[PDB]
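The residues making up each chain are set out below.
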Number of protein chains: 2
Amino acid sequence: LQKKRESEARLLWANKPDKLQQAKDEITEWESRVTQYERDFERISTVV
Amino acid sequence: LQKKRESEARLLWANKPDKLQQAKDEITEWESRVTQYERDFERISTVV
């Protein structure tokens, strides 16, 4: 999520708004999945 | 001034503050030189 989407932000000057909104919703949903994992760490550790 | 310094901003994640301040003072002084040229356009055209 970080390397690929900051490679899209790196490739800003291939100028179209397609990779901009792709960068936005990809970092949003996939960092939401990362936050799901970092909360499931406390979930799994609480089950432990 | 644009391609090279947004290639440094592109290379942000070679993380050190050297190219950050290099990007800052390079875009400052060299876009000041660009503004010198765009004012010297009216200077040269006024001499014309």
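Per the PDB record, the structure was determined using cryo-EM to 9 Å resolution.

Visitor: Run through the overall build of chain A, naming residues and quoting values.
Guide: If you tally the helices and strands in chain A, you get two helices and zero strands. When the backbone C-alpha atoms are referred to their principal axes, chain A occupies close to 50 × 15 × 5 Å. Counting across all 48 residues of chain A, residues that qualify as buried make up 8%. Accessible surface computed for chain A: about 4,200 Å², of which carbon and sulfur atoms make up 60%. Positive and negative charge centroids in chain A, built from 10 and 10 side chains respectively, lie 5 Å apart.

Visitor: Describe a nonpolar patch on the surface, naming the residues involved and giving the relevant values.
Guide: Together, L1(A), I27(A), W30(A) and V34(A) make up an exposed nonpolar region whose accessible area comes to about 320 Å². Looking at the secondary structure, you find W30(A) in helix 2 (residues 18–47).

Visitor: A description of the interface of chain B and chain A should follow, citing residues and the corresponding values.
Guide: How large an interface is tends to be reported as the accessible area lost when its parts come together. With four residues of chain B in contact, the opposing surface of chain A contributes four residues. Regarding the contact of chain B and chain A, the summed buried area is about 460 Å², with carbon and sulfur atoms giving 41% of it. Where chain B meets chain A, there are zero salt bridges. The interface formed by chain B and chain A contains three residue pairs in polar contact. In the side of chain B that touches chain A, the residues fall into one nonpolar, one polar and two charged.

Visitor: Break down the relation of the copies chain B and chain A for me, citing the residues and quoting the values.
Guide: Superposition of the two copies of the chain requires a rotation about an axis and a shift along the axis. With an RMSD of 0.0 Å, the operation that places chain B on chain A is a rotation of 179° combined with a shift of 0.5 Å along the axis. Between the two chains, the operation in question is that of a two-fold axis. The rotation axis passes nearest to the C-alpha of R10(B) in chain B, at a distance of 2.6 Å.

Visitor: Please provide a residue-by-residue account of the environment of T28(A), values included.
Guide: With respect to the secondary-structure elements, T28(A) resides in helix 2. For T28(A), a relative accessible area of 37% corresponds to the partly exposed category.

Visitor: I'd like to hear about the pattern of salt bridges, residue by residue, with values.
Guide: Residues and elements named next belong to chain A. Taken as a whole and judged by the stated rule, the model has two salt bridges over all chains. Among the salt bridges present, the one from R5 reaches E8, with a minimum N-O distance of 2.8 Å. One end of the pair, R5, and the other, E8, are both in helix 1 (residues 2–10), three residues apart, so they sit about a helical turn from each other. As far as the burial class goes, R5 and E8 line up, both buried.

Each value, and the rule that gives it
- We count residues from 1 along each chain, following the written sequence rather than the entry's numbering, and we skip any residue without coordinates.
- Each chain gets a letter, beginning with A, and each ligand a number, beginning with 1, in the order they are written.
- Summary scope: the chains shown constitute part of a larger assembly, and all values are computed over the shown part.
- Where side-chain values are given, they derive from all heavy atoms of the structure, hydrogens and water being excluded.
- Starting at the N terminus, helices and strands are each numbered in turn, a helix being any DSSP run of H or I of at least four residues and a strand any DSSP run of E of at least two.
- For each residue, the accessible area found with a 1.4 Å probe, counting protein chains only, is set against the maximum for its type, and the residue is called buried under 20%, exposed over 50%, and partly exposed in between.
- Note that accessible areas follow from Shrake-Rupley with a 1.4 Å probe, and for residues the cover is restricted to the protein chains shown.
- We count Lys and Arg on the positive side and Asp and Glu on the negative side, and we leave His and both chain ends out.
- Charge positions are represented by NZ for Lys, CZ for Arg, CG for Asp and CD for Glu.
- Within the patch definition used here, like charges are joined within 9 Å and nonpolar side chains (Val, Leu, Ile, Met, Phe, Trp, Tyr) within 5 Å, considering only residues with over 30% relative accessible area and no salt bridge.
- Salt bridges, as used here, are contacts in which a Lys or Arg side-chain nitrogen is within 4 Å of a carboxyl oxygen on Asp or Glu.
- What makes two residues a contact is simply this: any of their non-hydrogen atoms within 4.5 Å.
- Throughout, buried area stands for the accessible area (probe radius 1.4 Å) lost by two parts on being put together, summed over both.
- Any pair of nitrogen or oxygen atoms within 3.5 Å is treated as a polar contact; in protein, a donor-acceptor pairing is required on top of that, and neighbouring residues in sequence qualify only through side-chain atoms on both sides.
- Under the convention adopted here, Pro, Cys and the residues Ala, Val, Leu, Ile, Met, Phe, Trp and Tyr are nonpolar, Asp, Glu, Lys and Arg are charged, and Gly plus all remaining residues are polar.
- Note on alignment: the copies are superposed with a least-squares fit restricted to their C-alpha atoms.

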